[PDB]
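J.: My structure is in protein.pdb, and what it holds is PDB, C-alpha atoms (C1' of nucleotides):
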MODEL        1
ATOM      1  CA  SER A   2       0.000   0.000   0.000  1.00  0.00           C
ATOM      2  CA  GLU A   3       2.256   2.730   1.436  1.00  0.00           C
ATOM      3  CA  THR A   4      -0.789   4.590   2.735  1.00  0.00           C
ATOM      4  CA  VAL A   5       0.084   3.543   6.307  1.00  0.00           C
ATOM      5  CA  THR A   6       3.873   3.627   5.661  1.00  0.00           C
ATOM      6  CA  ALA A   7       3.715   7.265   4.508  1.00  0.00           C
ATOM      7  CA  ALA A   8       1.243   7.993   7.348  1.00  0.00           C
ATOM      8  CA  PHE A   9       3.457   6.383  10.029  1.00  0.00           C
ATOM      9  CA  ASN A  10       6.742   8.127   9.088  1.00  0.00           C
ATOM     10  CA  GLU A  11       5.241  11.654   9.371  1.00  0.00           C
ATOM     11  CA  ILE A  12       3.689  11.057  12.844  1.00  0.00           C
ATOM     12  CA  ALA A  13       6.881   9.220  13.920  1.00  0.00           C
ATOM     13  CA  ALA A  14       8.696  12.561  13.681  1.00  0.00           C
ATOM     14  CA  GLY A  15       9.947  13.809  17.049  1.00  0.00           C
ATOM     15  CA  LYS A  16       9.434  10.623  19.082  1.00  0.00           C
ATOM     16  CA  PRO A  17      12.224   8.566  20.652  1.00  0.00           C
ATOM     17  CA  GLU A  18      10.020   5.463  21.031  1.00  0.00           C
ATOM     18  CA  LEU A  19       8.619   5.390  17.493  1.00  0.00           C
ATOM     19  CA  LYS A  20      11.949   6.345  15.970  1.00  0.00           C
ATOM     20  CA  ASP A  21      13.021   2.841  14.868  1.00  0.00           C
ATOM     21  CA  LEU A  22       9.648   1.142  14.239  1.00  0.00           C
ATOM     22  CA  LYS A  23       8.906  -0.484  10.855  1.00  0.00           C
ATOM     23  CA  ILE A  24       5.872  -1.956   9.060  1.00  0.00           C
ATOM     24  CA  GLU A  25       6.119  -4.931   6.678  1.00  0.00           C
ATOM     25  CA  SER A  26       2.613  -5.154   5.303  1.00  0.00           C
ATOM     26  CA  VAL A  27      -1.130  -4.510   5.648  1.00  0.00           C
ATOM     27  CA  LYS A  28      -4.432  -6.215   4.710  1.00  0.00           C
ATOM     28  CA  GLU A  29      -7.645  -4.182   4.350  1.00  0.00           C
ATOM     29  CA  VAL A  30     -11.022  -5.867   4.975  1.00  0.00           C
ATOM     30  CA  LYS A  31     -14.738  -5.478   4.181  1.00  0.00           C
ATOM     31  CA  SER A  32     -16.321  -4.700   7.568  1.00  0.00           C
ATOM     32  CA  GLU A  33     -19.865  -3.623   6.579  1.00  0.00           C
ATOM     33  CA  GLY A  34     -19.521  -0.421   8.680  1.00  0.00           C
ATOM     34  CA  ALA A  35     -16.294   1.322   7.556  1.00  0.00           C
ATOM     35  CA  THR A  36     -13.129  -0.695   6.837  1.00  0.00           C
ATOM     36  CA  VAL A  37     -10.377  -2.025   9.139  1.00  0.00           C
ATOM     37  CA  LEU A  38      -6.588  -2.241   8.652  1.00  0.00           C
ATOM     38  CA  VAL A  39      -4.400  -5.069  10.003  1.00  0.00           C
ATOM     39  CA  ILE A  40      -0.772  -4.011  10.241  1.00  0.00           C
ATOM     40  CA  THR A  41       2.022  -6.623  10.442  1.00  0.00           C
ATOM     41  CA  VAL A  42       5.195  -6.054  12.499  1.00  0.00           C
ATOM     42  CA  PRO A  43       8.564  -7.979  12.592  1.00  0.00           C
ATOM     43  CA  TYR A  44       8.001 -10.097  15.769  1.00  0.00           C
ATOM     44  CA  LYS A  45      10.839  -8.727  17.959  1.00  0.00           C
ATOM     45  CA  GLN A  46       9.333  -5.274  17.293  1.00  0.00           C
ATOM     46  CA  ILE A  47       5.877  -6.166  18.772  1.00  0.00           C
ATOM     47  CA  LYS A  48       6.560  -5.126  22.387  1.00  0.00           C
ATOM     48  CA  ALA A  49       8.368  -1.996  21.100  1.00  0.00           C
ATOM     49  CA  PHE A  50       5.120  -0.942  19.359  1.00  0.00           C
ATOM     50  CA  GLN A  51       3.002  -2.337  22.189  1.00  0.00           C
ATOM     51  CA  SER A  52       4.812  -0.784  25.217  1.00  0.00           C
ATOM     52  CA  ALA A  53       3.033   2.588  24.981  1.00  0.00           C
ATOM     53  CA  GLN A  54       1.099   2.403  21.662  1.00  0.00           C
ATOM     54  CA  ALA A  55      -2.126   4.204  22.746  1.00  0.00           C
ATOM     55  CA  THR A  56      -0.596   7.671  22.172  1.00  0.00           C
ATOM     56  CA  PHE A  57      -0.350   7.414  18.360  1.00  0.00           C
ATOM     57  CA  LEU A  58      -3.111   4.887  17.455  1.00  0.00           C
ATOM     58  CA  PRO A  59      -6.000   7.389  17.911  1.00  0.00           C
ATOM     59  CA  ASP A  60      -4.102   9.755  15.564  1.00  0.00           C
ATOM     60  CA  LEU A  61      -3.520   7.009  12.954  1.00  0.00           C
ATOM     61  CA  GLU A  62      -7.109   5.644  13.240  1.00  0.00           C
ATOM     62  CA  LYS A  63      -8.697   9.111  12.904  1.00  0.00           C
ATOM     63  CA  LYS A  64      -6.686  10.059   9.779  1.00  0.00           C
ATOM     64  CA  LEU A  65      -7.375   6.954   7.624  1.00  0.00           C
ATOM     65  CA  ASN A  66     -11.105   6.693   8.621  1.00  0.00           C
ATOM     66  CA  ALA A  67     -10.637   3.131   9.892  1.00  0.00           C
ATOM     67  CA  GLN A  68      -9.813   0.967  12.926  1.00  0.00           C
ATOM     68  CA  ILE A  69      -6.237  -0.293  13.369  1.00  0.00           C
ATOM     69  CA  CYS A  70      -5.503  -3.721  14.883  1.00  0.00           C
ATOM     70  CA  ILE A  71      -1.736  -4.229  15.238  1.00  0.00           C
ATOM     71  CA  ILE A  72      -0.431  -7.781  14.786  1.00  0.00           C
ATOM     72  CA  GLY A  73       2.838  -9.718  14.975  1.00  0.00           C
ATOM     73  CA  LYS A  74       4.337 -11.680  12.138  1.00  0.00           C
ATOM     74  CA  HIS A  75       3.679 -15.069  13.725  1.00  0.00           C
ATOM     75  CA  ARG A  76       4.548 -17.769  11.173  1.00  0.00           C
ATOM     76  CA  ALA A  77       4.780 -21.544  11.557  1.00  0.00           C
ATOM     77  CA  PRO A  79       4.785 -27.353   8.586  1.00  0.00           C
ATOM     78  CA  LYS A  80       5.043 -30.867  10.016  1.00  0.00           C
ATOM     79  CA  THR A  81       5.356 -32.429   6.563  1.00  0.00           C
ATOM     80  CA  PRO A  82       7.689 -30.750   4.077  1.00  0.00           C
ATOM     81  CA  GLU A  83       5.682 -28.959   1.386  1.00  0.00           C
ATOM     82  CA  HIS A  84       8.597 -27.355  -0.450  1.00  0.00           C
ATOM     83  CA  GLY A  85       9.264 -23.648  -0.846  1.00  0.00           C
ATOM     84  CA  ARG A  86       9.453 -23.568   2.940  1.00  0.00           C
ATOM     85  CA  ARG A  87      12.021 -24.616   5.504  1.00  0.00           C
ATOM     86  CA  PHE A  88      10.827 -27.007   8.185  1.00  0.00           C
ATOM     87  CA  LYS A  89      12.357 -28.100  11.488  1.00  0.00           C
ATOM     88  CA  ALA A  90      12.020 -31.889  11.744  1.00  0.00           C
ATOM     89  CA  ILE A  91      10.929 -32.172  15.378  1.00  0.00           C
ATOM     90  CA  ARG A  92       9.475 -28.672  15.301  1.00  0.00           C
ATOM     91  CA  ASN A  93       8.596 -26.460  18.263  1.00  0.00           C
ATOM     92  CA  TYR A  94       5.407 -25.446  20.025  1.00  0.00           C
ATOM     93  CA  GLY A  95       5.972 -21.789  19.215  1.00  0.00           C
ATOM     94  CA  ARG A  96       6.649 -22.753  15.616  1.00  0.00           C
ATOM     95  CA  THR A  97       3.429 -24.771  15.242  1.00  0.00           C
ATOM     96  CA  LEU A  98       0.198 -23.315  13.848  1.00  0.00           C
ATOM     97  CA  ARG A  99      -1.900 -23.692  16.985  1.00  0.00           C
ATOM     98  CA  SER A 100       0.349 -21.365  18.991  1.00  0.00           C
ATOM     99  CA  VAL A 101       0.374 -18.886  16.092  1.00  0.00           C
ATOM    100  CA  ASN A 102      -3.432 -18.674  15.764  1.00  0.00           C
ATOM    101  CA  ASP A 103      -3.866 -18.218  19.553  1.00  0.00           C
ATOM    102  CA  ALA A 104      -1.007 -15.676  19.852  1.00  0.00           C
ATOM    103  CA  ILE A 105      -2.738 -13.694  17.063  1.00  0.00           C
ATOM    104  CA  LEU A 106      -5.841 -13.021  19.242  1.00  0.00           C
ATOM    105  CA  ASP A 107      -3.874 -11.502  22.136  1.00  0.00           C
ATOM    106  CA  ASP A 108      -2.391  -9.019  19.666  1.00  0.00           C
ATOM    107  CA  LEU A 109      -5.634  -8.257  17.776  1.00  0.00           C
ATOM    108  CA  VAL A 110      -7.653  -7.306  20.846  1.00  0.00           C
ATOM    109  CA  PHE A 111      -4.624  -6.143  22.858  1.00  0.00           C
ATOM    110  CA  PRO A 112      -5.735  -3.854  25.667  1.00  0.00           C
ATOM    111  CA  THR A 113      -8.694  -5.819  27.173  1.00  0.00           C
ATOM    112  CA  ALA A 114      -7.448  -9.461  27.092  1.00  0.00           C
ATOM    113  CA  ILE A 115      -9.651 -12.557  27.013  1.00  0.00           C
ATOM    114  CA  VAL A 116     -11.906 -14.157  29.678  1.00  0.00           C
ATOM    115  CA  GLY A 117     -13.323 -17.122  27.742  1.00  0.00           C
ATOM    116  CA  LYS A 118     -12.949 -18.944  24.436  1.00  0.00           C
ATOM    117  CA  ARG A 119     -14.901 -21.826  22.895  1.00  0.00           C
ATOM    118  CA  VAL A 120     -16.081 -23.608  19.761  1.00  0.00           C
ATOM    119  CA  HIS A 121     -19.619 -24.609  18.735  1.00  0.00           C
ATOM    120  CA  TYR A 122     -19.819 -27.761  16.576  1.00  0.00           C
ATOM    121  CA  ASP A 123     -23.088 -27.975  14.607  1.00  0.00           C
ATOM    122  CA  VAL A 124     -25.369 -30.814  13.430  1.00  0.00           C
ATOM    123  CA  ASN A 125     -24.044 -30.313   9.876  1.00  0.00           C
ATOM    124  CA  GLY A 126     -20.410 -30.625  11.057  1.00  0.00           C
ATOM    125  CA  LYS A 127     -19.122 -27.059  10.661  1.00  0.00           C
ATOM    126  CA  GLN A 128     -17.603 -25.122  13.551  1.00  0.00           C
ATOM    127  CA  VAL A 129     -18.005 -21.593  14.985  1.00  0.00           C
ATOM    128  CA  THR A 130     -15.436 -20.064  17.372  1.00  0.00           C
ATOM    129  CA  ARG A 131     -16.934 -17.811  20.070  1.00  0.00           C
ATOM    130  CA  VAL A 132     -14.496 -15.495  21.856  1.00  0.00           C
ATOM    131  CA  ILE A 133     -15.458 -13.538  24.948  1.00  0.00           C
ATOM    132  CA  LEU A 134     -13.780 -10.242  25.815  1.00  0.00           C
ATOM    133  CA  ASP A 135     -13.262  -9.204  29.414  1.00  0.00           C
ATOM    134  CA  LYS A 136     -16.320  -7.410  30.763  1.00  0.00           C
ATOM    135  CA  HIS A 137     -14.468  -4.448  32.249  1.00  0.00           C
ATOM    136  CA  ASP A 138     -12.059  -3.102  29.645  1.00  0.00           C
ATOM    137  CA  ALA A 139     -14.894  -2.171  27.290  1.00  0.00           C
ATOM    138  CA  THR A 140     -16.329   0.290  27.296  1.00  0.00           C
ATOM    139  CA  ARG A 141     -14.306   0.630  24.063  1.00  0.00           C
ATOM    140  CA  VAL A 142     -14.314  -2.999  22.925  1.00  0.00           C
ATOM    141  CA  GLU A 143     -18.086  -2.743  22.450  1.00  0.00           C
ATOM    142  CA  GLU A 144     -17.665  -0.374  19.484  1.00  0.00           C
ATOM    143  CA  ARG A 145     -15.312  -2.475  17.272  1.00  0.00           C
ATOM    144  CA  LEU A 146     -16.645  -6.059  17.432  1.00  0.00           C
ATOM    145  CA  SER A 147     -17.551  -6.571  13.735  1.00  0.00           C
ATOM    146  CA  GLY A 148     -14.092  -5.339  12.690  1.00  0.00           C
ATOM    147  CA  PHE A 149     -12.375  -8.217  14.519  1.00  0.00           C
ATOM    148  CA  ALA A 150     -14.780 -10.852  13.126  1.00  0.00           C
ATOM    149  CA  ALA A 151     -13.825  -9.712   9.611  1.00  0.00           C
ATOM    150  CA  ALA A 152     -10.115  -9.278  10.427  1.00  0.00           C
ATOM    151  CA  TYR A 153      -9.617 -12.601  12.247  1.00  0.00           C
ATOM    152  CA  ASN A 154     -11.484 -14.442   9.439  1.00  0.00           C
ATOM    153  CA  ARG A 155      -8.919 -13.051   6.952  1.00  0.00           C
ATOM    154  CA  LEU A 156      -5.821 -14.196   8.886  1.00  0.00           C
ATOM    155  CA  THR A 157      -6.817 -17.643  10.236  1.00  0.00           C
ATOM    156  CA  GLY A 158      -9.780 -18.508   7.949  1.00  0.00           C
ATOM    157  CA  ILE A 159     -12.107 -18.973  10.928  1.00  0.00           C
ATOM    158  CA  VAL A 160     -15.715 -17.840  11.442  1.00  0.00           C
ATOM    159  CA  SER A 161     -15.641 -16.140  14.881  1.00  0.00           C
ATOM    160  CA  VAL A 162     -17.850 -13.856  16.926  1.00  0.00           C
ATOM    161  CA  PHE A 163     -16.823 -11.483  19.713  1.00  0.00           C
ATOM    162  CA  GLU A 164     -19.029 -10.780  22.721  1.00  0.00           C
ATOM    163  CA  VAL A 165     -18.865  -9.091  26.146  1.00  0.00           C
TER     164      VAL A 165
ATOM    165  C1'   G B   1     -40.694-107.545  50.805  1.00  0.00           C
ATOM    166  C1'   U B   2     -46.838-112.481  47.310  1.00  0.00           C
ATOM    167  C1'   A B   3     -51.746-106.907  43.537  1.00  0.00           C
ATOM    168  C1'   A B   4     -43.884-105.426  40.104  1.00  0.00           C
ATOM    169  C1'   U B   5     -46.756 -99.772  34.587  1.00  0.00           C
ATOM    170  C1'   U B   6     -38.735-101.256  35.483  1.00  0.00           C
ATOM    171  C1'   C B   7     -37.429-108.729  36.946  1.00  0.00           C
ATOM    172  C1'   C B   8     -38.636-113.667  34.065  1.00  0.00           C
ATOM    173  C1'   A B   9     -42.018-115.070  29.714  1.00  0.00           C
ATOM    174  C1'   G B  10     -46.105-114.508  26.061  1.00  0.00           C
ATOM    175  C1'   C B  11     -49.151-110.839  23.201  1.00  0.00           C
ATOM    176  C1'   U B  12     -49.568-105.919  21.329  1.00  0.00           C
ATOM    177  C1'   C B  13     -46.803-101.355  20.459  1.00  0.00           C
ATOM    178  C1'   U B  14     -42.333 -98.150  19.488  1.00  0.00           C
ATOM    179  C1'   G B  15     -37.626 -96.648  17.386  1.00  0.00           C
ATOM    180  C1'   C B  16     -33.818 -97.033  13.642  1.00  0.00           C
ATOM    181  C1'   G B  17     -33.231-100.160   9.511  1.00  0.00           C
ATOM    182  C1'   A B  18     -28.825-104.092   6.493  1.00  0.00           C
ATOM    183  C1'   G B  19     -27.881-102.267   9.941  1.00  0.00           C
ATOM    184  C1'   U B  20     -27.858-102.015  15.595  1.00  0.00           C
ATOM    185  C1'   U B  21     -26.393-102.195  20.762  1.00  0.00           C
ATOM    186  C1'   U B  22     -22.009-102.864  24.370  1.00  0.00           C
ATOM    187  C1'   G B  23     -16.611-101.348  26.417  1.00  0.00           C
ATOM    188  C1'   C B  24     -12.301 -97.623  26.804  1.00  0.00           C
ATOM    189  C1'   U B  25      -9.985 -92.878  24.676  1.00  0.00           C
ATOM    190  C1'   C B  26     -11.812 -88.204  22.865  1.00  0.00           C
ATOM    191  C1'   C B  27     -14.373 -83.572  21.247  1.00  0.00           C
ATOM    192  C1'   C B  28     -19.129 -81.066  21.709  1.00  0.00           C
ATOM    193  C1'   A B  29     -23.200 -80.290  25.522  1.00  0.00           C
ATOM    194  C1'   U B  30     -19.620 -76.563  28.947  1.00  0.00           C
ATOM    195  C1'   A B  31     -19.189 -68.903  29.208  1.00  0.00           C
ATOM    196  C1'   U B  32     -17.531 -76.240  33.984  1.00  0.00           C
ATOM    197  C1'   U B  33     -10.730 -73.190  31.443  1.00  0.00           C
ATOM    198  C1'   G B  34     -13.367 -67.967  29.901  1.00  0.00           C
ATOM    199  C1'   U B  35      -8.738 -63.543  23.889  1.00  0.00           C
ATOM    200  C1'   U B  36     -14.031 -63.295  22.275  1.00  0.00           C
ATOM    201  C1'   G B  37     -16.359 -65.193  27.338  1.00  0.00           C
ATOM    202  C1'   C B  38     -17.173 -67.384  33.573  1.00  0.00           C
ATOM    203  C1'   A B  39     -16.974 -66.546  38.926  1.00  0.00           C
ATOM    204  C1'   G B  40     -14.674 -64.522  44.060  1.00  0.00           C
ATOM    205  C1'   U B  41     -20.013 -60.119  50.751  1.00  0.00           C
ATOM    206  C1'   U B  42     -22.765 -65.027  52.625  1.00  0.00           C
ATOM    207  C1'   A B  43     -22.638 -70.802  47.857  1.00  0.00           C
ATOM    208  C1'   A B  44     -15.375 -72.786  46.306  1.00  0.00           C
ATOM    209  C1'   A B  45     -12.695 -68.306  45.719  1.00  0.00           C
ATOM    210  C1'   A B  46      -9.454 -60.652  47.539  1.00  0.00           C
ATOM    211  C1'   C B  47      -2.592 -62.057  50.078  1.00  0.00           C
ATOM    212  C1'   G B  48      -3.281 -59.318  57.629  1.00  0.00           C
ATOM    213  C1'   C B  49      -0.987 -54.504  56.220  1.00  0.00           C
ATOM    214  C1'   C B  50       2.662 -51.159  53.791  1.00  0.00           C
ATOM    215  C1'   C B  51       7.093 -50.459  50.628  1.00  0.00           C
ATOM    216  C1'   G B  52       8.825 -52.412  46.168  1.00  0.00           C
ATOM    217  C1'   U B  53      12.034 -54.537  41.345  1.00  0.00           C
ATOM    218  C1'   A B  54      11.087 -57.741  36.950  1.00  0.00           C
ATOM    219  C1'   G B  55       6.467 -57.472  34.475  1.00  0.00           C
ATOM    220  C1'   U B  56       1.825 -55.041  32.171  1.00  0.00           C
ATOM    221  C1'   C B  57      -0.200 -49.983  31.912  1.00  0.00           C
ATOM    222  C1'   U B  58       0.948 -44.727  31.044  1.00  0.00           C
ATOM    223  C1'   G B  59      -3.666 -37.028  31.044  1.00  0.00           C
ATOM    224  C1'   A B  60      -3.812 -32.859  27.307  1.00  0.00           C
ATOM    225  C1'   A B  61      -0.850 -30.718  23.151  1.00  0.00           C
ATOM    226  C1'   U B  62       1.828 -30.390  17.108  1.00  0.00           C
ATOM    227  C1'   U B  63      -1.373 -27.935   9.234  1.00  0.00           C
ATOM    228  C1'   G B  64      -5.943 -26.359   9.470  1.00  0.00           C
ATOM    229  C1'   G B  65     -10.718 -23.366   8.176  1.00  0.00           C
ATOM    230  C1'   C B  66     -14.219 -22.139   4.122  1.00  0.00           C
ATOM    231  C1'   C B  67     -17.103 -23.351  -0.680  1.00  0.00           C
ATOM    232  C1'   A B  68     -18.949 -26.947  -4.592  1.00  0.00           C
ATOM    233  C1'   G B  69     -20.371 -33.277  -2.110  1.00  0.00           C
ATOM    234  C1'   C B  70     -22.199 -38.411  -3.660  1.00  0.00           C
ATOM    235  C1'   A B  71     -17.376 -39.563  -2.956  1.00  0.00           C
ATOM    236  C1'   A B  72     -12.367 -39.591  -5.222  1.00  0.00           C
ATOM    237  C1'   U B  73     -10.795 -34.787  -5.473  1.00  0.00           C
ATOM    238  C1'   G B  74     -10.565 -29.510  -7.147  1.00  0.00           C
ATOM    239  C1'   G B  75     -10.637 -24.443  -5.939  1.00  0.00           C
ATOM    240  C1'   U B  76     -10.187 -20.075  -2.337  1.00  0.00           C
ATOM    241  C1'   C B  77      -8.275 -17.953   2.987  1.00  0.00           C
ATOM    242  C1'   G B  78      -3.023 -18.211   5.197  1.00  0.00           C
ATOM    243  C1'   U B  79       3.065 -16.933   1.833  1.00  0.00           C
ATOM    244  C1'   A B  80       5.360 -19.023   6.393  1.00  0.00           C
ATOM    245  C1'   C B  81      10.405 -17.061   0.275  1.00  0.00           C
ATOM    246  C1'   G B  82      15.515 -23.636   2.939  1.00  0.00           C
ATOM    247  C1'   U B  83      17.838 -27.637  -0.984  1.00  0.00           C
TER     248        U B  83
ENDMDL
END
Let's see the structure in the file written out as structure tokens.
T.:
Amino acid sequence: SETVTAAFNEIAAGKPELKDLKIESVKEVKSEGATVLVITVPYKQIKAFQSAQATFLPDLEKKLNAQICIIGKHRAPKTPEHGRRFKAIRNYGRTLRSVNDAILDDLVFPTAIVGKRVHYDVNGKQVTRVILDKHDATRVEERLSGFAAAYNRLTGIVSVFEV
RNA sequence: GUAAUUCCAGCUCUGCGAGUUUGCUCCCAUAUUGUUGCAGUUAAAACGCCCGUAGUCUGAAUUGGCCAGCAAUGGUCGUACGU
């Protein structure tokens, strides 16, 4: 894109903390109400972004007319597929399950999660059902659809988000 | 054990039939040897108790979701970019 990359470098002027931060990539989504932007960060840089963060995110969200959900590059295969490098034994962090669950605790950062579950249907198909802490939002109440779109892009999963 | 529906005989009747009883061994009947598949409060059957090695046994977790299904499969979401 370089909508967010141009937007970040101008607001990064004058700040010691945001001085060395970088963005790899971004994926826009269809959110019914507005759109949402999902901004990937090089892993070691997550807690550098995420230490303060809430200074600049209102300024970035207001300018682009969209919500911003910051995410780590969490990547993870047991069987070689080619075009990828795979550890034989592998590691828990490396595996997909850790990746998909680490992704949530980025996406909805500031509230954190009380409950999580699945609902398996009579047909067979499955619906994840995350529950946000009932204390942080307040704010979380406003952006629920945005996450359901955004999380369905990254992991492929039909979720909902509730109190 | 002097009235024998079981003895000893006759008569009638029954079975199987060029076959038919009688011994011993052996399988089934028998979940009465139990992998399938027994039983152990009182019928036979839970060590007097604890440690404990050989032995048998050993919680969850690791590449999927979504659509066309009648399956084989084939697309999309994820790009994780080694030889």
J.: Taking into account only C-alpha atoms, which residue in the set A:71, A:120, A:109, A:133 is nearest to residue 47 of chain A?
T.: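 Between A:71, A:120, A:109, A:133, the residue approaching residue 47 of chain A most closely is A:71.
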J.: Could you list the residues in chain B lying within 10 Å of chain A, using all atoms listed in the file, and format the result as a ChimeraX atom specification?
T.: /B:61-66,77-83
J.: Please expand the PyMOL selection byres ((chain A and resi 153) around 12) into the concrete residues it hits in this file, giving the result as a ChimeraX atom specification.
T.: /A:28-32,37-39,70-72,102-110,130-132,146-152,154-163 /B:65,77-78
J.: May I have the residues at most 10 Å from (12.8, 2.1, 15.9) in the file's coordinates, counting all atoms listed in the file, as a ChimeraX atom specification?
T.: /A:13,16-23,46,49-50
J.: Include C-alpha atoms and write out the residues we just selected as a JSON list (two decimals), in the frame of the given file.
T.:
[["chain", "number", "residue", "atom", "x", "y", "z"],
["A", 13, "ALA", "CA", 6.88, 9.22, 13.92],
["A", 16, "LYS", "CA", 9.43, 10.62, 19.08],
["A", 17, "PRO", "CA", 12.22, 8.57, 20.65],
["A", 18, "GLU", "CA", 10.02, 5.46, 21.03],
["A", 19, "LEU", "CA", 8.62, 5.39, 17.49],
["A", 20, "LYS", "CA", 11.95, 6.34, 15.97],
["A", 21, "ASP", "CA", 13.02, 2.84, 14.87],
["A", 22, "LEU", "CA", 9.65, 1.14, 14.24],
["A", 23, "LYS", "CA", 8.91, -0.48, 10.86],
["A", 46, "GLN", "CA", 9.33, -5.27, 17.29],
["A", 49, "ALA", "CA", 8.37, -2.00, 21.10],
["A", 50, "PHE", "CA", 5.12, -0.94, 19.36]]
J.: To one decimal place in Å, what is the distance between atom CA of residue 114 of chain A and atom CA of residue 4 of chain A?
T.: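 The value is 28.9 Å.
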J.: What is the atom CA of residue 73 of chain A-atom CA of residue 40 of chain A distance in Å, reported with one decimal?
T.: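 Separation between atom CA of residue 73 of chain A and atom CA of residue 40 of chain A: 8.2 Å.
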J.: Hey, what's within 9 Å of residue 26 of chain A if we count all atoms listed in the file and toss same-chain stuff fewer than 3 positions away? As a ChimeraX atom specification, please?
T.: /A:2-3,6,39-42
J.: Put a box with edges along x, y and z around all the listed atoms of segment 98-113 of chain A, pad it by 4 Å on each side, then give me its centre and sizes in Å, one decimal, as lines of an AutoDock Vina configuration file.
T.:
center_x = -4.2
center_y = -13.8
center_z = 20.5
size_x = 17.1
size_y = 27.8
size_z = 21.3
J.: Using all atoms listed in the file, which residue out of A:129, A:14, A:124, A:118 lies closest to residue 165 of chain A?
T.: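 The answer is A:118, which sits nearest to residue 165 of chain A.
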